[PDB]
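> Protein chains in written order, with PDB author numbering: chain C, 10 to 126; chain D, 30 to 126; chain H, 30 to 126; chain E, 36 to 136; chain A, 68 to 136; chain B, 18 to 103; chain F, 22 to 103.
Idealized CB from N, CA, C, for every residue including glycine.
Handing you a structure now.
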Amino acid sequence: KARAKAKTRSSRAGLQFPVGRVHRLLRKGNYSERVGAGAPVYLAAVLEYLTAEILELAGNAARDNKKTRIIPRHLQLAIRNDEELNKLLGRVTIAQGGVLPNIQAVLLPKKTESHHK
Amino acid sequence: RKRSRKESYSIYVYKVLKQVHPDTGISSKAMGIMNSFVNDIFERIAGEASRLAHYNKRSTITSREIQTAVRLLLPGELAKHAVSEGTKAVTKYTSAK
Amino acid sequence: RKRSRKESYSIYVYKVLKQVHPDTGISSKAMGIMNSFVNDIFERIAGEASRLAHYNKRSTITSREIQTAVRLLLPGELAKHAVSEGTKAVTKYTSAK
Amino acid sequence: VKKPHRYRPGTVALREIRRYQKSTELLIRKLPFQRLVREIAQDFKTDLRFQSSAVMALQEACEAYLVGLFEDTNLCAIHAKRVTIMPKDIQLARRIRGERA
Amino acid sequence: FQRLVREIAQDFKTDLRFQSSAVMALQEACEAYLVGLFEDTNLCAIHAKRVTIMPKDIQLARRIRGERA
Amino acid sequence: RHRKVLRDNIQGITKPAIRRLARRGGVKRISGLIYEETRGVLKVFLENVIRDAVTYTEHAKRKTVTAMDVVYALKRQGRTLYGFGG
Amino acid sequence: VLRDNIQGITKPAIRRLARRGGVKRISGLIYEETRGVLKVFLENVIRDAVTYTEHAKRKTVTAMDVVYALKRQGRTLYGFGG
Numbered sequence: 010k011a012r013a014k015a016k017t018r019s020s021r022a023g024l025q026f027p028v029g030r031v032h033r034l035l036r037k038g039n040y041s042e043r044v045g046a047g048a049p050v051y052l053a054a055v056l057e058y059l060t061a062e063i064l065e066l067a068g069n070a071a072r073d074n075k076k077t078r079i080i081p082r083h084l085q086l087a088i089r090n091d092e093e094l095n096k097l098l099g100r101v102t103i104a105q106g107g108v109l110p111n112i113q114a115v116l117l118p119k120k121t122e123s124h125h126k
Numbered sequence: 030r031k032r033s034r035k036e037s038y039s040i041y042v043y044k045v046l047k048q049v050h051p052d053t054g055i056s057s058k059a060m061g062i063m064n065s066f067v068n069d070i071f072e073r074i075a076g077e078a079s080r081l082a083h084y085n086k087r088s089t090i091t092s093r094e095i096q097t098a099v100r101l102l103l104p105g106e107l108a109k110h111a112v113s114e115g116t117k118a119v120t121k122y123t124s125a126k
Numbered sequence: 030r031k032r033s034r035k036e037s038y039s040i041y042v043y044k045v046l047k048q049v050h051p052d053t054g055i056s057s058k059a060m061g062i063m064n065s066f067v068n069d070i071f072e073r074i075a076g077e078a079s080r081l082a083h084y085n086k087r088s089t090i091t092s093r094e095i096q097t098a099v100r101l102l103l104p105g106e107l108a109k110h111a112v113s114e115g116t117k118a119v120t121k122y123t124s125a126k
Numbered sequence: 036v037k038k039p040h041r042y043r044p045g046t047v048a049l050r051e052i053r054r055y056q057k058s059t060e061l062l063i064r065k066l067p068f069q070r071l072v073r074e075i076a077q078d079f080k081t082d083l084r085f086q087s088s089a090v091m092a093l094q095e096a097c098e099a100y101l102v103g104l105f106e107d108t109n110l111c112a113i114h115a116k117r118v119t120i121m122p123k124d125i126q127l128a129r130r131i132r133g134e135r136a
Numbered sequence: 068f069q070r071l072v073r074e075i076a077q078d079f080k081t082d083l084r085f086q087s088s089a090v091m092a093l094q095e096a097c098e099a100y101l102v103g104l105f106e107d108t109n110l111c112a113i114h115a116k117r118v119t120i121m122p123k124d125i126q127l128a129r130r131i132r133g134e135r136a
Numbered sequence: 018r019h020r021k022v023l024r025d026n027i028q029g030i031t032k033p034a035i036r037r038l039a040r041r042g043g044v045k046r047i048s049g050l051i052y053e054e055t056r057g058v059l060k061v062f063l064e065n066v067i068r069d070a071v072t073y074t075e076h077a078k079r080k081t082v083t084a085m086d087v088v089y090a091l092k093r094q095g096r097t098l099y100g101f102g103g
Numbered sequence: 022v023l024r025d026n027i028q029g030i031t032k033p034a035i036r037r038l039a040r041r042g043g044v045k046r047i048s049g050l051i052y053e054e055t056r057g058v059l060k061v062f063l064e065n066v067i068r069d070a071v072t073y074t075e076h077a078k079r080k081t082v083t084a085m086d087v088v089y090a091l092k093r094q095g096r097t098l099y100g101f102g103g
């Protein structure tokens, strides 16, 4: 024997998300009888990309509110301000998220609130 | 002394966060949110892949099926960029065995 | 001479129809409707049972799980009557082996 | 100063809007909601116990649902050249979503 | 309806063909959807003390269902 | 000559047909601007469904779109269809 | 004195919620209807929750039961596990 030292499949992929755990989760979960080697890498990459997108928008909002730590409010702000993510999660409730600031223009008072004589 | 073991995707999210914004942290609740998000997307995609396979009388889930499911579930440009990342990952994995 | 074989639930629906309204017939399109309906309900119930099983780390789907899923999916009195029929069916089957 | 300072009707409502929209804390008190859940669950099965986080989760779901409902209701109201929401608005929105009851 | 489907499909993938029953199924789905939409539209219209549906009613109904576009 | 029949497109979905459709929904009186908007709405709906159908078609290496693809594509949007298999 | 306990969902809290929803002015009759609507939603959820609860032969309601019952009604919820 030689027993070459084991590097992770993630490291072969150049990814940070795992692969093996995903493989296990696909075998247990009644999704299919058998699973091919390529699938979990693809799925992992998809998850990492989405995660990076979300956190990116979150960090941007964070800098906008002068806070250095991400809190859920920021995530809701990120999701509702991007059209595509809002479509994905249109019927999803984020806990401790609130909603976007939005008032319909019509119910405010008229801008004629000044000198009138 | 008895003790359990609950897995999550926390650490990997943390890695990604440090990759994209080194000087930034994240609270536990948001980490839980991300955990739930990941599990939900995983479930949708796998379920859809399964349904596609069963409709075409194929018993193997391959990268193709995942790619198709992604194009079905997500809209437009997000799908395109994601598919590209996945293809790149497969191309790197298959070569450097 | 080559010939395939497509199964359905037609004949059984016909039997039930003759039981409930002897002097009545039914067209092919409607029988197809009923076939698709049966397939849909079957898929929903089995999937829901599967999800319950997976959430409780039990590897067997039993009558109990089906009963639970029925109570979840269907509303009120329909659930109760159907559950009655199911229980009666199991009691008859288990006795007269 | 002689007379009390008095804001016109509507301004403080708008103040409430901006203040509550900026923040995220739950608006309903815990304990009444606990008592509500406990009563209703008792009528289905007896002597049930509830984890705290479940109650919190129901609280989040309820408040998000109500918020969405009021949003659609307000749109319905504006559509009728009114600013006051009324029960028929709520019935309308709920009837459109399919949340019949 | 056949020509419409064929045009739109051509813009995604070329030289596709369609079975007749698929076209029929799309026809059924579209008509049922539109019927439901006009129903909700009419209710929204009645809500505003009108009898004439208008575009903003349709926009209201679709916005509430979440069928945004 | 310029026919291109009325646009060689959705405008073949003629006004009185939309009128009949609104009649099915119980409506009595329709404005002149409705028609165009409805058409756009229809297109969007069709677009999404057809996209999904074509995608299912692409997975099986076929060039013929079957009814089953339409059914499934409709099912994922929460508009399941009965009577054409599945 | 207690008052069927639905009255714990008080007027000002409902006013606050409506404020989060962009509402500026509220009629007096809303409250009762809102209460009823709220009740219905809760009922459905808890029924499903308790059903999941009954299936495990447990006596303690867990968050996961609520999350699932919410998921099945098309109001998926994030932030409490799974």
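1. Under 8 Å between C-beta atoms, does D:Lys58 make it to chain F?
2. For a contact defined as C-beta to C-beta under 7 Å, what are the partners of B:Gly103 on chain H?
3. Rounded to whole angstroms, what's the CA-CA distance from F:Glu64 to E:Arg84? Just pull it up for me.
4. Which residue marks the beginning of the alpha helix (DSSP H) containing E:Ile131, and which one marks its end?
5. Assuming contact is defined by CB atoms lying nearer than 8 Å, are C:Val44 and D:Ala118 in contact in what I supplied?
6. Using 10 angstroms around the beta-carbon of B:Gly57, count the other beta-carbons present and answer buried if the total reaches 16, otherwise exposed.
7. Give the secondary structure of B:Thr72 by DSSP, where H, G and I count as helix, E and B as strand, and everything else as coil.
8. What residue from A:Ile120, A:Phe68, A:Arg73 has the CA that sits closest to B:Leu50's CA?
9. Name the DSSP bridge partner or partners of A:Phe85?
10. Hey, how far is the Cα of D:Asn68 from the Cα of F:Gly103?
11. When you check each C-beta in the region 26-46 of chain C against every C-beta of chain F, which residues fall closer than 7 Å?
12. What would DSSP say about D:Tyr38, mapped onto helix, strand or coil?
13. How about D:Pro51: is its C-beta nearer than 8 Å to some C-beta of chain J?
14. My parser needs the alpha helix (DSSP H) runs of 4 or more residues fully inside the region 30-99 of chain F; what are they?
15. In chain E, what lies closer than 8 Å to A:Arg132 by C-beta?
16. Could you tell me how far apart the beta carbons of D:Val42 and C:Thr60 are, in whole angstroms, since I believe they sit closer than 8 Å?
17. Given this structure, state the Cα-to-Cα distance separating F:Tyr52 from C:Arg78, to the nearest angstrom.
18. Going by DSSP, name the residue or residues bridged to C:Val44.
19. In the DSSP assignment, find the alpha helix (DSSP H) that holds B:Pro33 and state where it starts and stops.
20. So, are the CB atoms of C:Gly47 and D:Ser113 less than 8 Å apart?
21. Consider the Cβ of C:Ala70: report whether some Cβ of chain F lies at a distance smaller than 8 Å.
22. Here's the rule: buried if 16 or more other CB atoms are within 10 angstroms of the residue's CB, otherwise exposed. What is D:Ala78?
23. Any beta carbon from chain A within less than 8 Å of B:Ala84's own beta carbon?
24. Got a sec: which bits of the region 78-99 of chain F sit with their beta carbon under 8 Å from any beta carbon on chain C, in order along the chain?
25. By the criterion of Cβ-Cβ separation under 7 Å, what are the contact partners of F:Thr72 in chain H?
26. Would you call the CB atoms of E:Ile75 and C:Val115 closer than 8 Å?
27. Just to confirm my understanding: we take E:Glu106, look at its own chain, exclude 5 residues before and 5 after, and list those with CB closer than 7 Å. What are they?
28. Quick one: list the residues of chain D neighbouring B:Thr72, beta-carbon separation under 7 Å, in chain order.
29. Could you tell me which chain B residues have their CB closer than 7 Å to the CB of H:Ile62, listed as they occur along the chain?
30. Short check: CB of E:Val102 to CB of F:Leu38, under 8 Å?
31. Just the chain C side, please: which residues come within less than 7 Å of D:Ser79 by C-beta, in chain order?
32. With a cut-off of 8 Å, does the C-beta of A:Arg73 fall near any C-beta of chain B?
33. With 9 Å as the C-beta to C-beta threshold (strictly closer), list the residues of the region 37-65 of chain F near chain D in chain order.
34. Which residue marks the beginning of the alpha helix (DSSP H) containing D:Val67, and which one marks its end?
35. By the 10 Å Cβ neighbour count, where 16 or more other Cβ atoms means buried, how is C:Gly23 classified, buried or exposed?
Reading from the atomic positions:
1. yes
2. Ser65, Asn68
3. 16 Å
4. 122-132
5. no
6. exposed
7. helix
8. A:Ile120
9. B:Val82
10. 7 Å
11. none
12. coil
13. Among the protein chains in the structure shown, which are C, D, H, E, A, B and F, there is no chain J.
14. 32-41, 51-76, 84-93
15. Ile131, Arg132
16. 6 Å
17. 39 Å
18. D:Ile90
19. 32-41
20. no
21. no
22. buried
23. yes
24. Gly95, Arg96, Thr97, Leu98, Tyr99
25. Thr97, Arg100, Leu101
26. no
27. none
28. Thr97, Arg100, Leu101
29. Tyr99, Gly100
30. yes
31. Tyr40, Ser41
32. no
33. none
34. 57-84
35. exposed
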